[PDB]
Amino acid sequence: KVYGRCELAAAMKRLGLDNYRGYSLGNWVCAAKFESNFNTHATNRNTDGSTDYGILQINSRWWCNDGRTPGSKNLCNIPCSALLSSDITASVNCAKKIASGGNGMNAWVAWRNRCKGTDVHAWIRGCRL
């Protein structure tokens, strides 16, 4: 599924991401835009053998288990295929766990390069939440 911006913001809001660990909602909408262009099916394979899965590009070396990544820690205790669902619940619950690390949202490279530091509140304006 490819989510609309406001559609995704609302889905994320109802799952507890607004101001999760300080981070306002537009941070997560901006992270999903530059990570996958709001597409739940996005996958990117990395040269170390891990793959990034779903709308928030969660990595299989640390967070989910896909069967093919040497040394997967599977810290979110999920199959990576669960992250390719049109339902984002599994992705958001894992993302909360990722964001709880010392690095916070810097675990998302696209958010640190294209979102961090800007007025990310723009990503939810016009959405009547």
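The first residue of the sequence shown is number 1, and the count goes up from there. In this text, rigid core is short for the largest set of C-alphas that superpose within 1.5 Å between two forms.
Novice: May I ask which stretch, 65-73 or 24-32, sits farther from the shown form in 8 other deposited structures of this protein once every structure is superposed on the core, judging by RMS CA distance?
Specialist: Once the cores are fitted, 65-73 deviates more in 8 other deposited structures of this protein.
Novice: For the stretches 31-39 and 83-91, which has the higher mean C-alpha B-factor as given in the deposited record?
Specialist: In the deposited entry, the stretch with the higher C-alpha B-factor mean is 83-91.
Novice: With reference to the PDB entry, specify whether the mean Cα temperature factor is higher for 117-125 or for 16-24.
Specialist: Higher of the two, by average CA B-factor, is 16-24.
Novice: For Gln57, return the chain-relative third of its C-alpha B-factor as stated in the PDB record: lowest, middle or highest.
Specialist: Lowest third, going by the recorded CA B-factors of the chain.
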